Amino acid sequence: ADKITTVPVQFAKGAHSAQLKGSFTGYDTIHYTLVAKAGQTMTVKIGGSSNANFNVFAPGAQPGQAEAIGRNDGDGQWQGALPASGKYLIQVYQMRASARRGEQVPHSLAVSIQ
């Protein structure tokens, strides 16, 4: 019975970044979505619970259906030039061990596009 919550991210007028605060428990996950253009550089940084991880998916790609174009490194961050235009998906999740313990995962996701 796993839940996915989708959170559309829209930058304020004239802004190229935002920070979101969220939380999820166990195997629940959050999909943060963001429309961007091919060739722009996206930077993603996750903070808060050490259990928090993310995968970046290009438009149309769903967890389980295609490979992510990126994920958090050991410092909780990722940066890359975007191959495609459209709505990107940042999947925030925790790994099986702590999911299975039912840990709650408060986190902050900072995303910017330039």
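Throughout, we count residues from 1 along the sequence that is shown.
Across the two stretches, 84 to 92 and 40 to 48, the PDB entry reports the greater mean Cα temperature factor for 40 to 48. Between 73 to 81 and 50 to 58, the higher mean Cα B-factor belongs to 73 to 81. Sorting 113, 7, 110, 4 by the CA temperature factor given in the entry leaves 113 at the top. Among all modelled residues in this chain, the alpha-carbon of residue 66 has a temperature factor (C-alpha) in the highest third.
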